[PDB]
Amino acid sequence: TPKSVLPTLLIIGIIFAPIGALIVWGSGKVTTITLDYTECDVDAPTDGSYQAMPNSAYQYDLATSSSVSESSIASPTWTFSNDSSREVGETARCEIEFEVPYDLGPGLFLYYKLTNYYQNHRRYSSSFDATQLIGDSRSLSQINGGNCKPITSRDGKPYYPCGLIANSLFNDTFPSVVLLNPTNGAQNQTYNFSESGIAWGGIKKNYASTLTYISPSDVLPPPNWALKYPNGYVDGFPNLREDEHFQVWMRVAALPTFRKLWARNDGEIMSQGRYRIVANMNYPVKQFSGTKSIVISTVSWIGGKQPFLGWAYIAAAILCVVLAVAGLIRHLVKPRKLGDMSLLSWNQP
Amino acid sequence: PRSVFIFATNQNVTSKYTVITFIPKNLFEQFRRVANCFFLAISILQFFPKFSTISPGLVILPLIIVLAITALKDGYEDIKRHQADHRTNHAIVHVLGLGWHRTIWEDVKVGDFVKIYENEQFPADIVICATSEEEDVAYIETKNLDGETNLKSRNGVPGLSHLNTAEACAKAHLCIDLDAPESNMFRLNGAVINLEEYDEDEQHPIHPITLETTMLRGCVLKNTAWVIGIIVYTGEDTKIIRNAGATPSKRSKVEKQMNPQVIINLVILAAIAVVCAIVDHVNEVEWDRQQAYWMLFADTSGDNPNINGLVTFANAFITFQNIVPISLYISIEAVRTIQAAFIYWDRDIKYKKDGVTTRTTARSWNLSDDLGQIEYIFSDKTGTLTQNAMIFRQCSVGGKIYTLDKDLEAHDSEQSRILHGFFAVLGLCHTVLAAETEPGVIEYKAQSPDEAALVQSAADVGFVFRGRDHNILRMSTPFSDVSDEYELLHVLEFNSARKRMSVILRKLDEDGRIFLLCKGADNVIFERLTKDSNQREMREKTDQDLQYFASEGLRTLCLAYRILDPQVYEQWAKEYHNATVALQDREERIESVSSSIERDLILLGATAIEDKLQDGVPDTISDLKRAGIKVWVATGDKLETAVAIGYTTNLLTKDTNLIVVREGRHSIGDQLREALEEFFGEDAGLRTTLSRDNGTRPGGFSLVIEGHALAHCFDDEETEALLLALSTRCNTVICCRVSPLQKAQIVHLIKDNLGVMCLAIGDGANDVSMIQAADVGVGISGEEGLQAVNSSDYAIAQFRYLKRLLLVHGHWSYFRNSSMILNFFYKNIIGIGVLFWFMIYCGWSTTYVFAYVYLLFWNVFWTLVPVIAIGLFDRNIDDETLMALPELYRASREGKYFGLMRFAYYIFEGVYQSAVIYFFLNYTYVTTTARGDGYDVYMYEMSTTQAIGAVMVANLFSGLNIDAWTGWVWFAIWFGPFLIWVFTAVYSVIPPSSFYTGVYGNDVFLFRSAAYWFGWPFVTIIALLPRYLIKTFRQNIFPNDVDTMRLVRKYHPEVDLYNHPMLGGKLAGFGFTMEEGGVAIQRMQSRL
Ligand SMILES: *[C@@H]1O[C@H](CO)[C@@H](O[C@@H]2O[C@H](CO)[C@@H](O[C@@H]3O[C@H](CO[C@H]4O[C@H](CO)[C@@H](O[C@H]5O[C@H](CO)[C@@H](O)[C@H](O)[C@@H]5O)[C@H](O)[C@@H]4O)[C@@H](O)[C@H](O[C@H]4O[C@H](CO)[C@@H](O)[C@H](O)[C@@H]4O)[C@@H]3O)[C@H](O)[C@H]2NC(C)=O)[C@H](O)[C@H]1NC(C)=O
Ligand SMILES: C[C@H](C/C=C/C=C/CC/C=C/C=C\CCC(C)(C)C)[C@@H](O)[C@H](O)[C@H](O)[C@@H](O)[C@@H](O)[C@@H]1OC(=O)[C@H](O)[C@H]1O
Ligand SMILES: *[C@@H]1O[C@H](CO)[C@@H](O[C@@H]2O[C@H](CO)[C@@H](O)[C@H](O)[C@H]2NC(C)=O)[C@H](O)[C@H]1NC(C)=O
Ligand SMILES: *[C@@H]1O[C@H](CO)[C@@H](O[C@@H]2O[C@H](CO)[C@@H](O)[C@H](O)[C@H]2NC(C)=O)[C@H](O)[C@H]1NC(C)=O
Ligand SMILES: *[C@@H]1O[C@H](CO)[C@@H](O)[C@H](O)[C@H]1NC(C)=O
Ligand code: BEF
Ligand SMILES: [Mg+2]
């Protein structure tokens, strides 16, 4: 039997090693820039100047082919401005200037990372009404008794969209990413991140553009959407189908530390230089010891930068080779005859 | 008492359930499984609106299905029992109604008048009233212990006067004084009194009723003419039913061992729930102090913490309910039913004799795995190890053996004269009646099988017995029609230690020679001869011949001869007549008379009768003893017959020393203690139990104990402990003359003091009680009322069928059931473990990582067929090897296939594999997109990858755990994962308009992702590598007998199992039956 076991271990190792090497190579072909702007409210200058961000507020994950080092890149700088004369959703702005060490090929994606955000909690994970979202006819009793608890209705007017997931929509935007030192002339060049296509095309069908059974004045906006819809849905129902940030948010994340796509670019190259990114800080996460970050990453054949599977394959291959070598040594030392009869119970002293 | 005038209803009622009360008792016996209580609690909890997941009806549906399936199983079993009982309570018995009308065995209360004719059973206990032969005597048969035809004399004065039906109608002789119904089969009392009968004092005479007058229920098989009687002690007060017992609800040892495993799983689930509740409560209090987005609006009476901690407790019990799956018991029941069907359909345990076929039927559809753990077998002797057929085999005439007589009979040789005398003694010294219904046949109706066989052999090989048409006997020698006068009988009836029987006779010819013909045992007759020198030589030759007869195994009678002179004949006739009326010590007087007449005899030869056992019994017993099963004999027959059968069945080998314990002189406990001290004194472990003749050659010890000694042992406790020690320290124990209750007591003694599994096999009411008292009861179908068959769990027709049944079916069933249960627990632990390992990362909120469809169909679709295939078709070794090598039964008998250690190994394997799956795939999916399209990683991508990996791992683990392999194994193992893959492919394209489905687009997020395609195979390989290595190294380093034999058969098919130096070449008297007084005594009065 071990004659059919040792070659199995050798084959497993010899097949696993190339797969792990390929996964590691693909992960190393990816560049990730992380910018933690959670503490920009209090730790950033408010006079218009730029101060270097703390070493724990940013993390560069450079490609294996990069000729520069992590410490060689200049530290990003940030500034804060909280002015009440701007429109709602853009009063507080955090402008972060960061350097891209090398040209990042087409396929640049912009994410926001939330830490200590338990979307997988039982109360939150199921706090939505798919029947109401799809546009079907739901009565007050049905929505009250549905899975949308505890945000179901008030004063006889149901919430649309109801539930904890919709109420906690991430209302922090990153409107502009601008290059500060363009080589091709001009004072600055705006990197055109597009908010279209950030969600798969089938997520739209889960939601309806409008409701044909309740007038907009008979629907209450979610409690945390009050600052966005002060007097309610006075301009028609929100188009939950044509907006993709809502669809991205509604997809429950597996872990408390998760990244959700916010704008993308698929046909431009981020040239080497210094880029300024503006974040409209509107979603507080400091209350529950949470942090919000900005993640800019490319994509390889495996997706993001995660070489864990490749190293697991390599370790498995090494373990299998060691076990096969030990088994071969043991078999050569004391080879045993298969199907003997001297070790039976009756054929022993 | 009764005092019936011309009580207990009727019917055997062997049905466990009743139409009125079936649901309650069935539900109780189903809820004796603990897991059913847990399922009911979970369903009741889910009835509440807060904990509802799908619907109350669909939640209750699995439990209702389990209950309905088990109820239908039990109902089919009890319907078979009802049919078997109705075959008994709808026979034909003629009861008076001025004619004898047919009845149905039910319209028969105490009283009545029953005519039973010949060769049919009794409806209840009756009191003899009249019979057609003489003195109103009748005859009985076996099935109530013993193996000879008994006799019942008369009722005394009520005898006669009732020949026709009109006398029965016109007479109201009743008001019997019947005592209380007792289980003992040796005591009855009463008095007919009669309504119209007066003595000299104008009082109604008392007519005692004893056992010699009554005849019990279920055992007559009457061998005489019609008999009329009065039904008394009818119904459940009969001896047979009272000695029987209520039908038990037997359960396999595997279920009794499964209960602690279910309790352990429930404790683990409770610990998980407690940890989840505590951590969730602390986290929710913290997240409510600082208003998190997932804890908003937590101020109501049902959504605040504390209440949320209790809700998390309940949701933890609901989420991990598969740690004790409900599909486990349905699968177990179906597999056990199909195993019973396999037992039924086996053609090697199917009997076909005289045009009727008797398959082996499993009365209890469970207990199949119980057959594989048998350590003690308690077997009846008569009808189970014997065919109840006596065949004459060899005869010794002086010096010459026979196995030629016509050539020998030269009418001039002295050997011819001795042969003539021998056959005359054989054919004339007999209390046998000859019937002239058909000329030439000369039907012989004998009271003993030995006498019938001897007379038939004498007729077939010469001297034919004509009959007793008058007081003068006749004989048919093959020369002419001779006849000789019949003098006074001198039958000792094999009683009062008189192992002999003599018949004084006379010759009708002018010679008028008085000759005494005597037959008896070896020692008595040999010591009872006149040996000067020539009879000494004849005696030594006959002793050598009889030793030869006993060596092969035969029952031997020594014939004798004597010529009485007329003077001594008349003197002894006068002495016998005087001693006939002696009042005090009449037995002593007749013993002295017998000694006086038997003063000198001339030897004629000896016989040799074989008690034919069932075919294959010695080989079956040898194979069972090789397998390690200790076989005992519990029989109601006498000690001599039991020990002879034990010698002939290889139960008692020639190298065993017999410890015979019987009541007499020394006390039973003292006898056991002395036997232990004198035969097992050099035992270290004996002293732990000590804290309070005859034999052949050293090399082993066997115990023979009678019923009275067993009663004295069971009365107290010290004697019971001594008996247990001696019986466990002996090879085999033969229990002779035991009541049904004593058989049950022996079985209970072993099963309770030792705790070992027991099997009981027999074909009678005593066997009925013994069968009900054991773990597995086996009945033998022999057209003997079918009572043992009706009360058993398995019905076989031969002992060798028991041998195969155990060795192959029990071993296979135990192996399959153990593997199936362990794999079921393993796969459910895999699913629950993936859920739990996610619960580590979710804040312990009891949330399903998987989409609920993947957990809902975990046992219905993903993992069902590998478990069913293991439970039905898995074979550890082929049946030829198991039949050829009974020593392979050790693993099944010692319980090395099912236990807590194997359960723990499978549980921890599942825990480790689930940890590998979840953790590796989680750290794989800790990324931004997992594909080149940039779309985020949401929970259900990782969940579906983990679910597919878990299904693959579970199915391939079950596949690795199968010794046999064919196409069907591949079909099952890849039918599970095929179903999950196709379901993931199709379910993820259902548009949201048709159904929400929760996982729309996973066919794009998984089948186009490197994470999925490189995570599920890596997870599978890493999870299954330890099992593969462990199995290989266990089979190649620490191998069992079964594994080694499987390798030998696979690689060396040319090895002959039966005759191989290391495999097969190592292989690893007197008897006579008599009625013991009665009609023979009444024969003396008639011939006086
Ligand atoms: C971007 O998004 C973020 C979050 O997604 C937005 O921030 C949220 O904005 C909401 C709207 O302004 C805030 O809700 C309001 O909060 C005030 C005061 O807060 C306290 O109020 C109560 C104490 O006085 C009490 O309220 C309940 O809180 C929980 C549920 O909310 C319950 O469990 C609890 O038991 C209380 O019953 C809390 O202590 C709060 O801390 C309230 O007064 C407001 O109430 C008014 O509006 C509601 C609407 O439905 C109405 O019923 C009331 O009658 C009243 O008129 C309102 O709830 C929210 O606190 C805030 N969250 C955070 C974390 O900042 C942000 O505005 C948004 N920005 C943009 C630009 O879009
Ligand atoms: C219809 C099916 C089950 C069918 C039962 C009917 C069976 C007929 C005979 C029994 C067959 C089963 C296995 C044996 C296969 C052979 C008959 C041996 C070929 C489902 O309807 C069943 O109900 C599912 O098994 C689940 O619904 C349930 O078992 C689920 O398990 C769990 O863990 C959940 O708590 C419970 O929801
Ligand atoms: C930007 O400034 C506004 C007001 O200048 C802040 O809003 C106030 O936040 C405090 C928090 O302590 C509350 O007590 C007040 O009720 C809020 N409103 C007003 C009118 O003062 C806002 O939080 C600032 N944005 C930040 C810090 O990111
Ligand atoms: C983002 O889009 C803008 C507008 O389409 C681009 O700006 C143009 O860049 C070209 C290249 O030098 C100039 O000739 C045009 O005059 C610019 N137009 C305006 C309105 O400024 C910009 O280059 C794009 N960014 C990237 C990285 O391709
Ligand atoms: C880019 O340049 C234009 C014109 O020079 C200016 O109006 C705009 O504010 C700049 N954007 C920045 C510096 O982010
Ligand atoms: F042969 Be048993 F004693 F019925
Ligand atoms: Mg019997």
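Residues numbered from 1 in each chain as written, not as in the entry; some residues may be left out. Chains lettered and ligands numbered in written order. Heavy atoms only, no water.

## Notes on the UniProt feature "transmembrane region" (unreviewed entry) in chain A
Alright, step 1. When the UniProt feature table is mapped to this numbering, "transmembrane region" (unreviewed entry) covers residues 4-25 and 308-329 of chain A.
Alright, step 2. Annotation note: span residues 4-25 of chain A, helix share 91%, strand share 0%, distance between end C-alpha atoms 33 Å. (UniProt positions renumbered as here; feature names shortened; annotations may be inferred. Helix = DSSP H or I, 4+ residues; strand = E, 2+ residues; numbered from the N terminus.)

## A short note on the packing of helix 6 (residues 253-289) of chain B against helix 25 (residues 799-841) of chain B
Any two packed helices are characterised by the angle at which their axes cross and by the distance between the axes.
Residues and elements named next belong to chain B.
Alright, step 1. Here helix 6 crosses helix 25 at 5 degrees, and the two axes come no closer than 12 Å. Judged by the angle between their axes, helix 6 and helix 25 are roughly parallel. Side by side, helix 6 and helix 25 meet where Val254, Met258, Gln261, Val262, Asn265 and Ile272 of the first sit next to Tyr814, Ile821, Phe825 and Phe836 of the second.
Alright, step 2. Across the contact of helix 6 with helix 25, the residue classes tally to 8 nonpolar, 2 polar and no charged. (Axes fitted to C-alpha atoms, helices over the stretch in contact; angles between N-to-C directions. Parallel < 35°, antiparallel > 145°, perpendicular 65-115°, else oblique. Contact = heavy atoms within 4.5 Å. Nonpolar A, V, L, I, M, F, W, Y, C, P; charged D, E, K, R; others polar.)

## Observations concerning the interface of chain B and chain A
Alright, step 1. Across the boundary between the two partners, chain B contributes 82 residues, which contact 81 residues of chain A.
Alright, step 2. Counting the surface lost from both chain B and chain A, the interface buries some 7,000 Å², and carbon and sulfur atoms represent 65% of this.
Alright, step 3. Among the residues chain B hides against chain A, the three largest losses belong to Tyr293(B), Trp294(B) and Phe1014(B). Together they make up 13% of the total.
Alright, step 4. For the interface between chain B and chain A, the tally reads 1 salt bridge.
Alright, step 5. Note that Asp303(B) is salt-bridged to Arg123(A), the shortest N-O span being 3.2 Å.
Alright, step 6. At the junction of chain B with chain A, the criterion picks out 23 residue pairs in polar contact.
Alright, step 7. Breaking the side of chain B that touches chain A down by element, the ones donating at least two residues are helix 6, helix 7 (307-319), helix 25, helix 31 (900-925), helix 32 (939-960), helix 34 (1002-1005), helix 35 (1010-1037) and helix 36 (1041-1051) of chain B.
Alright, step 8. Among the elements that line the side of chain B that touches chain A, the one with the most residues is helix 35 of chain B, at 15 residues. (Buried area = accessible area lost by both parts, 1.4 Å probe. Salt bridge = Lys/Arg side-chain N within 4 Å of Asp/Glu carboxyl O. Polar contact = N/O pair within 3.5 Å; in protein donor to acceptor, adjacent residues only side chain to side chain.)

## Section: the UniProt feature "binding site: Mg(2+)" (unreviewed entry) in chain B
Residue and element names in this part refer to chain B.
Alright, step 1. Here the UniProt feature "binding site: Mg(2+)" (unreviewed entry) sits at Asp380, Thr382, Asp763 and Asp767.
Alright, step 2. Within the element layout of this structure, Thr382 appears in the loop between strand 12 (376-379) and strand 13 (386-397).
Alright, step 3. The contact partners of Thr382, leaving out residues within four places of it in the chain, are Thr142, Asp146, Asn388, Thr635, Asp637 and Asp763.
Alright, step 4. Within the secondary structure layout, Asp763 lies in the loop between strand 30 (758-762) and helix 23 (765-772).
Alright, step 5. With sequence-adjacent residues up to four places away left out, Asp763 is seen in contact with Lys143, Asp380, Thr382, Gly383, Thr384, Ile780, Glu784 and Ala788.

## Quick word on the environment of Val834(B)
All names here are of chain B.
Alright, step 1. Note that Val834 resides in helix 25.
Alright, step 2. The spatial distance from the C-alpha of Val834 to the C-alpha of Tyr918 is 5.8 Å, given a sequence separation of 84 residues.
Alright, step 3. Not counting the four nearest positions on each side in its chain, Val834 is found in contact with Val849, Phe850, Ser914, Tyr918 and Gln946.

## A word on the state of the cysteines
Alright, step 1. Throughout the structure, instances matching the rule amount to 2 disulfides over all chains.
Alright, step 2. In this model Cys40(A) forms its disulfide with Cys94(A); the gap between the sulfur atoms is 2.0 Å. The chirality of the disulfide connecting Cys40(A) with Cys94(A) is right-handed, given an S-S dihedral of about 95 degrees. Of this pair, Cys40(A) sits in helix 2 (residues 40-43) while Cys94(A) sits in strand 5 (residues 92-100); the two residues are 54 residues apart in sequence, bridging distant segments of the chain. In this structure, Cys40(A) and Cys94(A) share a single accessibility class: buried.
Alright, step 3. Here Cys148(A) pairs with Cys162(A) through a disulfide, and the sulfurs are 2.0 Å apart. For the disulfide bridge between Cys148(A) and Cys162(A), the dihedral angle about the S-S bond is near 85 degrees, and by the sign convention the bridge is right-handed. Remark: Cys162(A) occurs in the loop between strand 8 (157-158) and helix 6 (164-167) and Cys148(A) occurs in the loop between helix 5 (140-144) and strand 7 (153-154); sequence separation between them is 14 residues. Each member of the pair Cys148(A) and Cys162(A) is classed as buried.
Alright, step 4. Disulfides within chain A link the bonded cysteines, taken in sequence order, as 1-2, 3-4.
Alright, step 5. In this structure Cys219(B) is not part of a disulfide, and its nearest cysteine sulfur, from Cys736(B), lies 19 Å away. (Disulfide = S-S within 2.5 Å. Buried < 20%, exposed > 50% of the residue type's maximum accessible area, 1.4 Å probe, protein only.)

## A word on the pattern of salt bridges
Alright, step 1. Applying the stated criterion to the full structure yields 53 salt bridges over all chains.
Alright, step 2. In the salt-bridge network here, residues are joined through shared partners; they are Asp346(B), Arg347(B), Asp348(B), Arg804(B) and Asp879(B).

## Some details on the coordination of the magnesium ion (ligand 7)
When four donors bind a metal tetrahedrally, each ideal donor-metal-donor angle is 109.5 degrees, and when six bind octahedrally, the ideal angles are 90 or 180 degrees.
Alright, step 1. The coordination sphere of the magnesium ion (ligand 7), as far as protein atoms go, consists of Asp380(B) (OD), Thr382(B) (O) and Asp763(B) (OD), spread over 2.1 Å. In this structure, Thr382(B) and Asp763(B) share a single accessibility class: buried. (Donors = N, O, S within 2.8 Å, 3.2 Å for Na, K, Ca; no water.)

## Section: the site of ligand 5
Residue and element names in this part refer to chain A.
Alright, step 1. What surrounds ligand 5 is the set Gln187, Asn188 and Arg276.
Alright, step 2. With respect to ligand 5, the side chain of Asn188 contributes an N or O atom lying 2.4 Å from an oxygen atom.
Alright, step 3. Contact distances for ligand 5 include 3.2 Å between an oxygen atom and a side-chain N or O atom of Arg276.
Alright, step 4. In the complex, the protein chains occlude 38% of the 360 Å² of accessible area that ligand 5 would expose alone. (Near = heavy atom within 4 Å. Areas by Shrake-Rupley, 256 points an atom, 1.4 Å probe, with all protein chains shown as cover.)

## Thoughts on the sheet that holds strand 19 (residues 482-483) of chain B
Strand-to-strand pairing in sheets goes through backbone hydrogen bonds, with the strands running parallel or antiparallel.
Residue and element names in this part refer to chain B.
Alright, step 1. The 3 strands are arranged 17-18-19 in an open sheet whose pairing can be described as antiparallel. Here the strands that pair on one side only, and so sit at the sheet edges, are strand 17 (464-467) and strand 19.
Alright, step 2. Pairing geometry for strand 18 (residues 474-476) and strand 19, over 2 bridges, is antiparallel. Residue pairing for strand 19: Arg474 is matched across the bridge by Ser483. (Pairing = 2+ DSSP bridges.)

## Comments concerning the pairing of strand 25 (residues 602-613) of chain B
Residues and elements named next belong to chain B.
Alright, step 1. In terms of burial, strand 25 is largely enclosed, as 9 of its 12 residues are buried.
Alright, step 2. Of the strand pairs in this sheet, strand 13 and strand 25 are connected by 7 bridges, and their pairing is antiparallel. Looking at the pairing, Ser396 lines up with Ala606 of strand 25.

## Regarding the packing of aromatic side chains
Within a pair of aromatic rings, the relevant descriptors are the distance that separates the centres and the angle that separates the planes.
Alright, step 1. The final tally for this structure, using the stated rule, is 95 aromatic pairs over all chains.
Alright, step 2. Taking the centre distance of 3.9 Å and the plane angle of 20 degrees together, the rings of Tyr826(B) and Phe957(B) count as stacked. Separated by 131 residues along the polypeptide, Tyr826(B) in helix 25 and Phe957(B) in helix 32 bring together distant segments of the chain.
Alright, step 3. Overall, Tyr826(B) belongs to the buried group, its relative accessible area being 0%.
Alright, step 4. By relative accessible area, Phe957(B) is classed as buried at 0%.
Alright, step 5. Sitting over the ring of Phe1033(B), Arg330(A) keeps its end group 5.1 Å from the ring centre.
Alright, step 6. Directly above the aromatic system of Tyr402(B) lies the positively charged group of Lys400(B), at a separation of 3.8 Å from the ring centroid. (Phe/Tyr/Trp six-rings, centres within 6.5 Å; stacked < 30°, edge-to-face > 60°. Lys NZ or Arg CZ within 6 Å of the ring centre and 35° of its normal.)

## Things to note about the pairing of strand 4 (residues 125-131) of chain B
Residues and elements named next belong to chain B.
Alright, step 1. Along strand 4, 7 of the 7 residues are buried, which leaves the element largely enclosed by surrounding structure.
Alright, step 2. Sheet topology note: the strand 4/strand 8 (residues 227-232) ladder contains 6 bridges and is antiparallel. Residue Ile128 lies in a different strand from strand 8, and its bridge partner there is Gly229.
Alright, step 3. Here 2 bridges tie strand 4 to strand 7 (residues 214-215), and the two strands are oriented antiparallel to one another. By the bridge assignment, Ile126 is partnered in strand 7 with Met215.

## Notes on the sheet that holds strand 32 (residues 794-796) of chain B
Alright, step 1. With mixed pairing, 9 strands are arranged side by side in an open sheet as 11-32-31-30-12-26-29-28-27 (chain B). The open sheet has two free edges, formed respectively by strand 11 (361-362) and strand 27 (657-661) of chain B, since each of these has just one partner strand.

## Some words on helix 25 of chain B
All names here are of chain B.
Alright, step 1. Over its 43 residues, helix 25 runs 62 Å from end to end, which matches the ideal 63 Å to within 8%, given 1.5 Å per residue.
Alright, step 2. At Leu805, helix 25 is bent by approximately 30 degrees, the largest bend along its length.
Alright, step 3. Helix 25 sits mainly inside the fold: 41 of its 43 residues count as buried.
Alright, step 4. One or two residues past the end of helix 25 sits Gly843, with phi positive at roughly 85 degrees. (Expected span 1.5 Å × (residues − 1). Bend = angle between axes of the 7 residues up to and from the residue.)

## A closer look at the domain arrangement of chain B
Alright, step 1. Each assigned domain of chain B is listed with its residue range as follows: domain 1 (352-386 + 613-801), domain 2 (390-611 + 1078-1087) and domain 3 (802-1053).
Alright, step 2. Using C-alpha coordinates to define each centre, domain 2 of chain B is positioned 78 Å away from domain 3 of chain B. (Domains from an automatic or database assignment.)

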